[PDB]
Amino acid sequence: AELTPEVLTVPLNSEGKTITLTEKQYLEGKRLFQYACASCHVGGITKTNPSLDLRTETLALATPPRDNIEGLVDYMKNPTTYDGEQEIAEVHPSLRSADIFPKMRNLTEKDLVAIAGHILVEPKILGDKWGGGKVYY
Amino acid sequence: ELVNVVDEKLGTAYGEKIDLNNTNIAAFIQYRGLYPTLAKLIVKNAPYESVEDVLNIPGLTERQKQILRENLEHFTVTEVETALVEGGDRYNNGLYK
Amino acid sequence: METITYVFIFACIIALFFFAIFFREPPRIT
Amino acid sequence: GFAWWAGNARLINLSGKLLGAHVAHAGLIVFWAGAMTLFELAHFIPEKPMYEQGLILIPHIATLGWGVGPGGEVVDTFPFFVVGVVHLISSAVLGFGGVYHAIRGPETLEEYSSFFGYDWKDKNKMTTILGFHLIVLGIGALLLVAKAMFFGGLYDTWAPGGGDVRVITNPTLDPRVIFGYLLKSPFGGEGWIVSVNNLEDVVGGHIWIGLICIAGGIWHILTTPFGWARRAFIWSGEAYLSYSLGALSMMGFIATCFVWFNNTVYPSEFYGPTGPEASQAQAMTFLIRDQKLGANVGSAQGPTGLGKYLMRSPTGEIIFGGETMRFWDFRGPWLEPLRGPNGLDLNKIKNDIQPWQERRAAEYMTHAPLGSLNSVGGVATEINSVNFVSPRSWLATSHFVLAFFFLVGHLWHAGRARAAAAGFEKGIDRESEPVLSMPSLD
Amino acid sequence: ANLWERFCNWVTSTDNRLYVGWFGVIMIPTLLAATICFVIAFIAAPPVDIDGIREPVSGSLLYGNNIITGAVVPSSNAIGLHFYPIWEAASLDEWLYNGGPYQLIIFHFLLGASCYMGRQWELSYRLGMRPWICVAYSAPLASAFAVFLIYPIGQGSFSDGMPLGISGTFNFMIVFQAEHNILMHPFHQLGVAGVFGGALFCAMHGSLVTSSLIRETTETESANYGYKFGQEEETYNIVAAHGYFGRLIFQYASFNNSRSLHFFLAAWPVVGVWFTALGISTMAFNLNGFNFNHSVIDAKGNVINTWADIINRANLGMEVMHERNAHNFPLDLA
Amino acid sequence: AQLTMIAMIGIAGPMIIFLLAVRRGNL
Amino acid sequence: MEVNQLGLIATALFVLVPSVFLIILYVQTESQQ
Amino acid sequence: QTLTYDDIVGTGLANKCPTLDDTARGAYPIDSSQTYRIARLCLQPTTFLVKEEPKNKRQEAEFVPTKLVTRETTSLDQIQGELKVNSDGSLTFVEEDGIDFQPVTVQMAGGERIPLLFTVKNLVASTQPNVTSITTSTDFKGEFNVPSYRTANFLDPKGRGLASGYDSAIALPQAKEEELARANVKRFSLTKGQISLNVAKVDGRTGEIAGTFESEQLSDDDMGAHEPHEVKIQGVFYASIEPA
Amino acid sequence: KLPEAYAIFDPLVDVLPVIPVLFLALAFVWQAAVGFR
Ligand SMILES: CCCCCCCCCCCCCCCCCC(=O)OC[C@H](CO[C@@H]1O[C@H](CO[C@H]2O[C@H](CO)[C@H](O)[C@H](O)[C@H]2O)[C@H](O)[C@H](O)[C@H]1O)OC(=O)CCCCCCCCCCCCCCCCC
Ligand code: CLA
Ligand code: CLA
Ligand code: CLA
Ligand code: CLA
Ligand code: HEC
Ligand SMILES: CC1=C(/C=C/C(C)=C/C=C/C(C)=C/C=C/C=C(C)/C=C/C=C(C)/C=C/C2=C(C)CCCC2(C)C)C(C)(C)CCC1
Ligand SMILES: CC1=C(/C=C/C(C)=C/C=C/C(C)=C/C=C/C=C(C)/C=C/C=C(C)/C=C/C2=C(C)CCCC2(C)C)C(C)(C)CCC1
Ligand SMILES: CC1=C(/C=C/C(C)=C/C=C/C(C)=C/C=C/C=C(C)/C=C/C=C(C)/C=C/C2=C(C)CCCC2(C)C)C(C)(C)CCC1
Ligand code: OEX
Ligand SMILES: [Cl-]
Ligand SMILES: [Cl-]
């Protein structure tokens, strides 16, 4: 098995446009996800709120839907609760709150796409392990 | 006369849908727009006599009222089971991942 | 009955320690 | 008559070559301090907490008030560079004197000069060297005081508004406070001197110690040991070494507990949270999450009958529940705003938790000092992803190992010094075996 | 003739059947206190709330234990590292519920064993011996400090110290593996090498000396009677032992110097056990065994399990079950 | 790379011994 | 507790029979001189 | 003047309710036109009595004294709720929230441990009619709920539970289960207790009251494994009254 | 990172901390040279 363009093809938006990442983007995305996110989101879970994971089906049911590049890039700029009703930049890393989350300061727009693509690709590779937690280790 | 009431409850609509009187709050993530805001209101205002009673929760915006109507078919109500609602277990039932 | 047995054996071992130390065969040179 | 593997024992009575060994070794220590600082700076990224980066020396400099501002943010890396350069440069001077005295200088100093020469058995000369070094040590303790009071202050994790560099204007002088620490129990809730929790006590303790060391240095220059001390000790270089090994061992075990429990002179901003701190922060985190969802955290009974979020300590204080019940002695600047007279205050919990406290708890819970030897962060069952071992675990484990081995060395050299002093360190004289002239035991 | 100096002479007398000594002045009362409390608690102590969750664990014989299952149970997690002497309890009943005896026993024992080590130095000096037997005993002594004191200090509670019992010991080992992956820690691997190697070299040395006993007896008597206590001549032929062992392997893998040989015997297990004691003492601060969980993945990113991932599955089953009522939050951070 | 310097530095030490055991010095 | 009642006689003979064997042999050793 | 945490910590005082000056013999008047809350209700038990079992049924068992073994972990505090004025001038406190339970275990003669959930959960307690002033002779009487001492996730030592755990005795695979049913099937009791609060001190200036309470409730039944004991608790209380 | 003007030295600095280890190893090369005397 290998990292083909099929697996590297993810939804860009809610309208069905797709984008194919490079292997470079995917590995960059992985590295950046480890840099800025894995301390809470290792393996697609959320250590400080396990009810909410990074599984694609969970993200699909978020308001704004987050199961696509645009929704995820926006989330990294301006995070909301799962129902979209409240903005949570003061307690969740984002570019809006890079003053209080310094690791977000040196993230470029291209870095955001790479992180978002990693989150969308990894369940395609790992299946239930992504977001499933220790049961699947 | 010696029966496990939680097992018994799994044989009701509780085992099939979100029971507005018993189910832990994390289940409201299974449908869109319900968690955390409406979920918090639903649980605080239980118990309910009919699923339709949720629409009479004071303070619902009309957006919130519409989200509930969309999802009423995913809800049920059964009798309150003490074992499931004591201990604050509707907010945290000890299950994480 | 099982408690009595366990403590009895233990007590015999402690008594054996006493004899083994104070009533040992004395080591004697050459 | 020593073998090559005990070859440094051949220096015991070569004061000149032994001086070179000591001074050259001192160069190695200062060299590592400089080289390691520069290595840490070369790798330092300011946007990442220090404790995600494997740093142990930059935290020590930051703690003295150099390079940092409010909240522990790094504002200027130049002081770090300076510290490293000056140490590194200084190590060449020590290395130079060291190899000169070890290889080219007078092998013994007693002939070149009666002031620098010494005989281990000269109790007057030995206490005079001790006295000089005590004065040096006392001056060193007063330098810390000078820094804190006259040259910029120290980093104060307890400062209002997130921590900051603060000049210490009223150091604690009350000996009931200063020596009160020395008399507190080392057990939980007390913590002996490890519980020092404010910089006023830190600086005042160093005023006391500086004065005590200078006074004792003067005392030992001017006196010779009294008869009761003459008859209690072994007077030989190996004996003196053994005494110092015991002292270093003691100090290393203390240092171990300091870095594991104390978050005042090892600010968690730099070193990461303590084990207790991280455990408390987990309970805080889920209290916050659950309360936001509507849970009444004060009245929530957990599976055991004890509160799920809150319970009482054995003396009644309201404390976090779950296993962290063991850590309720923890005190930290992000948590104390919630504490009332009876412990955690339910009304503050319901009403006054601030976003910065939520952030700090989440940060500390996810940076608990647990990790694998290959630096995979978290509990032992965690998958690879996070590269992290807390600096507190690195500093605690290393210094436990060193302290243990120095206690072994104390025992080794103390036992040998006694046997050599009485003349049987090379074995039993076949013709005068003590046991053969004792009555049999039975 | 002075009372104090006669007392001093009896304390340090080499003529007492058991040597007392100044270390003995502390060792004897503290070991007797630990021993007497231990025996009584093991037989009759009521159940102890080890994990502080009002779930008492029965450790004594009269409360339904046998020798294998019985234990003196560690003190309550509610106490943590707090000092809990008897006079701090409102009653003995309270002290027993909360696990007081454990604290009394382990503190008296660790003090007494420390003095046991010093006592070994002390008599060696009175007898004109070399001094380092006590250094050999520092390896087991360090190991007892690790499981009774250092590990509780690091984890914040005497409730995570090793129980004083056979099955309690196994419980401590299993939990340790789930939380620290001790098997994958090099200091424990060195402990195994120290202990397996120590047993190996014990048998080797015993069998080589036994193989080369000089004929001094008949087939009808124990060969042990060929040696007489205090005889001056060696009782075996070390050159024959070396002649056999050097051919079993090759010449230069066999000792012909008995001093180097016996130093090696001393050093191998002592040093191995130092390391394993340091292993427990540093896992006390959560610097855990190697983690190779999901270290091998394929070209696509699938995890390819190794034996380390299988270990992990076992560790998880230990983790999720231990102290099954004691955790309310998702990470077991101590 | 970094392996260039650690080579120059790593050889400094044996270099000293070599020069001295060839110039029969006070080793 | 519901232990095997034969465990008592098993334990008693396991201790008694080997111990007596050794005592027999020791005492007849002593009386040889 | 009042104390700080570091004055209190470790003394036992954290488990004690505020006391009122023995001079506080006033009255706190009530205006049916205003609303009130209990801003803080504190209950500090001093005595745990457990009823014995007299073998027969013609002598009746007594309440006997017990020893606390769980230390200074017993007080209920920070309880709040509505203080309502009824048509007939009686007052009714309705508990809303607080640290309103503590597990306690006391030990009887002979060594039996008796765990109980000391609680006032869902307390509703009412005065006589025509109060109009809280005085040093005002009595509140009420009822509260006593949930099961362990909640539903609790696993017994063989892994059996209500909401989690095994449903059988797995170590006895072919044993007759009918005999094990009481231990195997867990159940969650919910019983009522009764409490009297007797006001003996009133600071009219500040709204604080204090006095004595007696409570009666059941002990732990270990999820239906055995029958509970009847427990009587006595202690002192303190409450602070506020206009809404 | 080091100040820009010393940037030239990053790869040397990455090696400096290890040098004290080399003094220990050098002690054994020296002893090998004189025959473990
Ligand atoms: C071999 C080497 C050479 C030779 C060496 C020499 C060897 C000598 C061997 C010595 C052997 C010692 C044996 C130790 C026994 C310890 C007994 C104990 O702890 O027993 C002592 C008794 C035990 O107390 C009872 O202990 C009980 C403990 O019960 C527990 O135990 C019971 C079992 O009986 C049940 O299981 C029960 O359910 C369970 O909870 C209760 O708590 C009672 O309330 C409590 O009174 O003490 C009391 O009650 C007495 C006074 C109570 C009066 C009440 C007022 C209090 C006054 C303060 C007392 C001052 C004490 C001074 C101490 C002086 C020390 C020198
Ligand atoms: C910090 C470690 C340390 C230090 C400082 C010393 C120091 C010393 N040792 Mg000990 N030794 C050590 C470790 C150490 N040893 C270890 C690990 C072992 C085990 C192998 C030994 C085994 C040992 C033996 C067997 C003996 C010593 C002896 C000596 C002394 C004389 C050595 C001599 O003339 O060599 C001559 C060596 C040379 C001429 C070779 C070059 C050595 C130089 C100093 C290298 C310096 C390099 C450096 C880059 C220079 C920077 C210069 C710059 C600052 C200007 C000297 C004081 C001897 C002694 O006691 O004499 C009576 C002796 O017999 N040592
Ligand atoms: C504690 C360490 C120490 C000790 C006890 C000695 C002792 C001695 N040395 Mg050695 N030496 C040392 C370190 C040491 N030296 C160092 C570090 C170097 C390298 C610079 C040398 C280089 C050296 C040489 C080249 C020679 C000696 C000689 C001597 C002898 C006479 C010294 C004299 O008359 O000076 C008298 C006093 C002074 C000159 C006053 C100096 C005041 C000092 C420098 C100020 C204090 C410095 C301070 C602590 C550092 C501040 C920190 C800074 C980094 C910011 C004496 C036996 C001589 C000898 O043995 O001849 C055969 C000789 O020729 N030494
Ligand atoms: C490195 C530090 C150092 C060293 C090695 C020495 C060494 C010595 N001193 Mg000096 N001394 C020092 C610092 C030092 N001193 C300082 C700073 C002062 C000023 C206060 C003094 C004041 C001083 C006086 C006044 C005297 C000495 C004497 C002596 C000699 C006997 C010491 C002795 O028997 O101790 C062994 C200690 C004891 C027998 C008593 C133990 C007391 C402690 C506090 C018990 C605590 C033990 C506990 C387990 C540890 C925890 C600490 C606790 C307080 C919390 C010896 C040469 C004596 C001498 O001959 O003078 C010429 C003497 O009379 N010293
Ligand atoms: C201030 C500290 C100090 C000082 C000055 C001394 C000084 C001395 N010791 Mg003592 N020693 C110490 C601490 C100290 N020791 C400690 C802490 C211990 C316990 C571990 C001992 C145990 C000890 C023993 C057992 C003996 C001495 C002996 C000696 C004498 C000769 C030593 C020699 O030539 O070594 C030469 C150096 C070597 C042979 C090198 C040893 C290399 C070590 C063991 C490995 C280090 C590797 C390190 C952990 C990192 C590796 C990581 C990775 C690469 C794998 C000398 C007087 C001897 C003696 O009694 O003489 C009187 C002796 O037999 N020492
Ligand atoms: C802890 C300090 C976190 C870090 C670091 C990061 N995330 Fe996070 N995330 C965290 C929490 C507590 C939550 C829940 C927020 C809520 O209350 O709803 C989240 C949520 C997300 C989500 C949404 C998941 C979903 O809707 O199913 C996403 C997509 C997410 N977080 C992404 C994300 C990224 C990309 C991060 C690195 C830049 C990152 N998080 C860090 C906690 C934390
Ligand atoms: C005796 C002896 C010994 C020992 C020795 C020793 C120990 C030595 C030491 C020595 C030393 C201790 C040395 C040091 C040196 C140093 C130096 C020489 C330095 C330099 C510096 C520099 C040049 C710098 C530079 C820089 C800067 C300035 C800035 C930044 C960058 C850089 C870093 C580049 C032995 C064992 C071997 C053997 C036997 C004998
Ligand atoms: C700084 C500081 C401080 C202070 C401190 C101090 C002040 C200290 C002191 C300390 C001290 C003050 C110490 C002491 C010590 C001592 C010891 C350690 C001793 C020991 C001893 C010994 C060892 C002995 C022995 C012996 C005997 C017993 C007998 C005879 C013989 C001999 C001699 C051997 C504080 C905390 C506030 C804070 C922070 C900082
Ligand atoms: C004088 C002297 C001496 C001697 C000493 C001695 C001999 C001592 C002893 C001591 C002792 C002999 C001790 C004892 C101790 C004990 C203890 C301290 C105990 C405790 C116990 C307990 C407390 C118990 C409890 C319990 C339990 C656990 C269970 C059941 C119940 C009861 C309650 C009973 C000598 C020779 C050294 C020399 C010097 C002088
Ligand atoms: O107590 Mn005994 O064991 Ca050491 O982690 Mn946490 O805590 Mn408990 O859990 Mn896993
Ligand atoms: Cl367990
Ligand atoms: Cl927990």
# chains A, B, ... in the order shown; residues from 1 in each chain; ligands from 1
call {"tool": "residues_around", "arguments": {"residues": "segment 104-121 of chain A", "least_positions_apart": "2", "cutoff": "6 Å", "atoms": "only C-alpha atoms", "output": "VMD selection string"}}
result
chain A and resid 25 to 26 29 to 30 33 69 72 to 73 95 98 101 to 102 123 to 124
call {"tool": "write_last_selection", "arguments": {"atoms": "N, CA, C and O atoms", "output": "tab-separated table (two decimals), in the first residue's frame"}}
result
chain	number	residue	atom	x	y	z
A	25	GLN	N	3.19	18.14	1.23
A	25	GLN	CA	2.20	18.81	2.05
A	25	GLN	C	1.74	17.94	3.19
A	25	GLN	O	1.59	18.41	4.32
A	26	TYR	N	1.51	16.66	2.92
A	26	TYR	CA	0.99	15.78	3.95
A	26	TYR	C	1.99	15.65	5.08
A	26	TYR	O	1.62	15.74	6.25
A	29	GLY	N	2.20	18.88	6.92
A	29	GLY	CA	1.03	18.91	7.77
A	29	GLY	C	1.19	18.06	9.02
A	29	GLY	O	0.83	18.47	10.12
A	30	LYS	N	1.73	16.86	8.87
A	30	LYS	CA	1.93	15.99	10.02
A	30	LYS	C	2.90	16.63	11.01
A	30	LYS	O	2.67	16.63	12.23
A	33	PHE	N	1.20	19.56	12.70
A	33	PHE	CA	0.22	19.07	13.66
A	33	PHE	C	0.91	18.60	14.94
A	33	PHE	O	0.44	18.89	16.04
A	69	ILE	N	-11.11	21.52	3.85
A	69	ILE	CA	-9.97	22.41	4.02
A	69	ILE	C	-10.42	23.77	4.50
A	69	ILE	O	-9.87	24.31	5.47
A	72	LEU	N	-11.68	23.85	8.09
A	72	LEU	CA	-10.59	23.66	9.05
A	72	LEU	C	-9.66	24.86	9.11
A	72	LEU	O	-9.15	25.20	10.19
A	73	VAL	N	-9.39	25.48	7.96
A	73	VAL	CA	-8.52	26.65	7.97
A	73	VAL	C	-9.18	27.78	8.74
A	73	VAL	O	-8.53	28.47	9.53
A	95	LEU	N	-5.12	31.70	15.08
A	95	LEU	CA	-4.38	32.89	14.68
A	95	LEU	C	-4.96	34.12	15.37
A	95	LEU	O	-4.22	35.04	15.74
A	98	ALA	N	-3.05	34.23	18.63
A	98	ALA	CA	-1.63	33.94	18.64
A	98	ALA	C	-0.88	34.72	19.69
A	98	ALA	O	0.26	34.37	20.01
A	101	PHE	N	-1.34	32.17	22.42
A	101	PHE	CA	-0.85	30.86	22.02
A	101	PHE	C	0.32	31.07	21.06
A	101	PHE	O	0.14	31.02	19.84
A	102	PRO	N	1.54	31.22	21.57
A	102	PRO	CA	2.63	31.74	20.74
A	102	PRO	C	3.03	30.84	19.62
A	102	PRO	O	3.64	31.32	18.66
A	123	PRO	N	-7.47	9.81	8.80
A	123	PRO	CA	-8.48	8.76	8.97
A	123	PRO	C	-8.61	7.87	7.77
A	123	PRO	O	-9.13	6.74	7.90
A	124	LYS	N	-8.18	8.35	6.59
A	124	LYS	CA	-8.21	7.53	5.39
A	124	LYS	C	-7.16	6.44	5.46
A	124	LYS	O	-7.34	5.37	4.87
call {"tool": "residues_near_ligand", "arguments": {"ligand": "ligand 2", "cutoff": "8 Å", "atoms": "only C-alpha atoms and all ligand atoms", "output": "ChimeraX atom specification"}}
result
/D:3-11,14,17-25,28,91-99,101-103 /F:12-13,16-17,20,25-27 /I:23-28,30-31,36-37
call {"tool": "residues_near_ligand", "arguments": {"ligand": "ligand 11", "cutoff": "7 Å", "atoms": "only C-alpha atoms and all ligand atoms", "output": "number ranges by chain"}}
result
E: 171, 175, 322-323
call {"tool": "write_last_selection", "arguments": {"atoms": "N, CA, C and O atoms", "output": "PDB file, in the first residue's frame"}}
result
ATOM      1  N   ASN E 171       0.811  -7.228  42.798  1.00  0.00           N
ATOM      2  CA  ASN E 171      -0.047  -6.123  42.388  1.00  0.00           C
ATOM      3  C   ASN E 171       0.803  -4.899  42.073  1.00  0.00           C
ATOM      4  O   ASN E 171       0.635  -4.254  41.033  1.00  0.00           O
ATOM      5  N   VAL E 175       0.945  -3.119  38.199  1.00  0.00           N
ATOM      6  CA  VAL E 175       0.642  -1.696  38.045  1.00  0.00           C
ATOM      7  C   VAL E 175       1.872  -0.941  37.585  1.00  0.00           C
ATOM      8  O   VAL E 175       1.783  -0.083  36.708  1.00  0.00           O
ATOM      9  N   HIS E 322      -6.826  -1.344  36.808  1.00  0.00           N
ATOM     10  CA  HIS E 322      -6.285  -1.153  38.144  1.00  0.00           C
ATOM     11  C   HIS E 322      -7.067  -0.064  38.867  1.00  0.00           C
ATOM     12  O   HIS E 322      -7.484   0.943  38.274  1.00  0.00           O
ATOM     13  N   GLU E 323      -7.279  -0.284  40.157  1.00  0.00           N
ATOM     14  CA  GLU E 323      -7.946   0.720  41.001  1.00  0.00           C
ATOM     15  C   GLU E 323      -9.177   1.249  40.282  1.00  0.00           C
ATOM     16  O   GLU E 323      -9.353   2.453  40.078  1.00  0.00           O
TER      17      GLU E 323
END
call {"tool": "residues_near_ligand", "arguments": {"ligand": "ligand 12", "cutoff": "8 Å", "atoms": "only C-alpha atoms and all ligand atoms", "output": "PDB file with N, CA, C and O atoms, in the first residue's frame"}}
result
ATOM      1  N   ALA D 283      -7.912  17.890  37.158  1.00  0.00           N
ATOM      2  CA  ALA D 283      -9.204  17.978  37.840  1.00  0.00           C
ATOM      3  C   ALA D 283      -9.826  19.356  37.614  1.00  0.00           C
ATOM      4  O   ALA D 283     -11.020  19.474  37.331  1.00  0.00           O
ATOM      5  N   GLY D 321     -11.175  16.245  43.855  1.00  0.00           N
ATOM      6  CA  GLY D 321     -11.409  14.821  44.018  1.00  0.00           C
ATOM      7  C   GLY D 321     -10.765  13.928  42.948  1.00  0.00           C
ATOM      8  O   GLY D 321      -9.988  14.367  42.096  1.00  0.00           O
ATOM      9  N   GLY D 322     -11.072  12.621  43.034  1.00  0.00           N
ATOM     10  CA  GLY D 322     -10.330  11.632  42.280  1.00  0.00           C
ATOM     11  C   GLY D 322      -8.984  11.381  42.934  1.00  0.00           C
ATOM     12  O   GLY D 322      -8.737  11.767  44.082  1.00  0.00           O
ATOM     13  N   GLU D 323      -8.088  10.731  42.185  1.00  0.00           N
ATOM     14  CA  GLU D 323      -6.820  10.344  42.771  1.00  0.00           C
ATOM     15  C   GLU D 323      -5.987  11.524  43.192  1.00  0.00           C
ATOM     16  O   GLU D 323      -5.080  11.355  44.011  1.00  0.00           O
ATOM     17  N   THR D 324      -6.211  12.702  42.593  1.00  0.00           N
ATOM     18  CA  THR D 324      -5.413  13.867  42.949  1.00  0.00           C
ATOM     19  C   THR D 324      -5.671  14.322  44.384  1.00  0.00           C
ATOM     20  O   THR D 324      -5.003  15.247  44.861  1.00  0.00           O
TER      21      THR D 324
ATOM     22  N   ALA E 326     -11.192   4.381  41.249  1.00  0.00           N
ATOM     23  CA  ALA E 326     -10.442   5.472  41.858  1.00  0.00           C
ATOM     24  C   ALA E 326     -10.203   6.654  40.925  1.00  0.00           C
ATOM     25  O   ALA E 326      -9.698   7.694  41.365  1.00  0.00           O
ATOM     26  N   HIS E 327     -10.542   6.522  39.654  1.00  0.00           N
ATOM     27  CA  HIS E 327     -10.228   7.531  38.659  1.00  0.00           C
ATOM     28  C   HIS E 327     -11.540   8.110  38.177  1.00  0.00           C
ATOM     29  O   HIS E 327     -12.428   7.364  37.770  1.00  0.00           O
ATOM     30  N   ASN E 328     -11.630   9.451  38.169  1.00  0.00           N
ATOM     31  CA  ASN E 328     -12.783  10.148  37.626  1.00  0.00           C
ATOM     32  C   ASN E 328     -12.459  10.869  36.341  1.00  0.00           C
ATOM     33  O   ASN E 328     -13.379  11.283  35.647  1.00  0.00           O
ATOM     34  N   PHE E 329     -11.192  11.034  36.024  1.00  0.00           N
ATOM     35  CA  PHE E 329     -10.737  11.817  34.891  1.00  0.00           C
ATOM     36  C   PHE E 329      -9.822  10.963  34.018  1.00  0.00           C
ATOM     37  O   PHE E 329      -9.320   9.932  34.464  1.00  0.00           O
ATOM     38  N   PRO E 330      -9.627  11.333  32.753  1.00  0.00           N
ATOM     39  CA  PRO E 330      -9.205  10.307  31.765  1.00  0.00           C
ATOM     40  C   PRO E 330      -7.736   9.917  31.808  1.00  0.00           C
ATOM     41  O   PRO E 330      -7.386   8.886  31.242  1.00  0.00           O
ATOM     42  N   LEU E 331      -6.862  10.699  32.428  1.00  0.00           N
ATOM     43  CA  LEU E 331      -5.453  10.381  32.489  1.00  0.00           C
ATOM     44  C   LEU E 331      -5.080  10.050  33.915  1.00  0.00           C
ATOM     45  O   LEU E 331      -5.425  10.799  34.844  1.00  0.00           O
ATOM     46  N   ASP E 332      -4.351   8.959  34.072  1.00  0.00           N
ATOM     47  CA  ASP E 332      -3.867   8.524  35.376  1.00  0.00           C
ATOM     48  C   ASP E 332      -2.469   9.121  35.504  1.00  0.00           C
ATOM     49  O   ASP E 332      -1.458   8.482  35.232  1.00  0.00           O
TER      50      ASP E 332
END
call {"tool": "interface_residues", "arguments": {"of": "chain D", "to": "chain E", "cutoff": "6 Å", "atoms": "only C-alpha atoms", "output": "compact mmCIF listing (two decimals) with N, CA and C atoms, in the first residue's frame"}}
result
# COMPACT_ATOMS: atom_id res chain seq x y z
N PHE D 187 7.54 15.85 55.71
CA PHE D 187 6.40 15.12 55.19
C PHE D 187 5.38 16.05 54.56
N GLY D 188 4.28 15.46 54.11
CA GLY D 188 3.37 16.15 53.22
C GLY D 188 2.67 17.28 53.94
N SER D 279 -1.53 17.08 37.91
CA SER D 279 -2.65 16.28 38.39
C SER D 279 -3.79 17.17 38.85
N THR D 304 -17.67 6.34 44.06
CA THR D 304 -17.31 5.85 45.39
C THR D 304 -18.15 6.46 46.51
N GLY D 322 -11.07 12.62 43.03
CA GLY D 322 -10.33 11.63 42.28
C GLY D 322 -8.98 11.38 42.93
N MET D 325 -6.61 13.68 45.09
CA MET D 325 -6.77 13.92 46.51
C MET D 325 -5.44 13.90 47.22
N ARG D 326 -4.48 13.11 46.70
CA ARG D 326 -3.15 13.04 47.31
C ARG D 326 -2.36 14.34 47.16
N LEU D 370 5.56 13.18 32.75
CA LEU D 370 5.59 11.75 32.46
C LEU D 370 6.10 11.60 31.03
N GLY D 371 6.95 10.62 30.78
CA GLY D 371 7.40 10.37 29.42
C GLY D 371 8.39 9.24 29.40
N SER D 372 8.64 8.74 28.19
CA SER D 372 9.56 7.62 28.02
C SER D 372 11.01 8.07 27.89
N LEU D 373 11.92 7.10 28.05
CA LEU D 373 13.34 7.39 27.94
C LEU D 373 13.72 7.94 26.57
N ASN D 374 13.00 7.53 25.51
CA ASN D 374 13.21 8.06 24.16
C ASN D 374 12.34 9.31 23.89
N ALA D 380 2.76 5.53 29.76
CA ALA D 380 3.56 4.54 29.07
C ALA D 380 2.80 3.87 27.93
N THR D 381 1.47 3.93 27.94
CA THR D 381 0.68 3.31 26.90
C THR D 381 0.40 4.26 25.74
N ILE D 383 0.71 6.50 22.35
CA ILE D 383 1.36 6.28 21.06
C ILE D 383 2.40 7.37 20.83
N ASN D 384 3.35 7.08 19.95
CA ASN D 384 4.30 8.07 19.47
C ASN D 384 3.56 9.25 18.82
N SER D 393 11.55 15.97 35.32
CA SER D 393 11.94 14.55 35.37
C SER D 393 13.41 14.37 35.03
N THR D 397 15.67 12.82 38.06
CA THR D 397 16.22 11.48 37.89
C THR D 397 17.74 11.52 37.89
N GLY D 415 34.75 4.05 54.92
CA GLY D 415 35.25 2.77 55.40
C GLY D 415 36.73 2.57 55.10
N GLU D 425 43.86 -1.80 55.99
CA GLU D 425 43.14 -1.68 54.73
C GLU D 425 43.65 -2.63 53.66
N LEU D 441 32.95 -17.36 70.79
CA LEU D 441 31.64 -16.88 71.20
C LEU D 441 30.83 -17.94 71.91
call {"tool": "residues_around", "arguments": {"residues": "segment 14-16 of chain I", "least_positions_apart": "3", "cutoff": "8 Å", "atoms": "only C-alpha atoms", "output": "list in words"}}
result
residues 35, 36, 39 and 42 of chain D; 2, 5 and 6 of chain F; 10, 11 and 19 of chain I
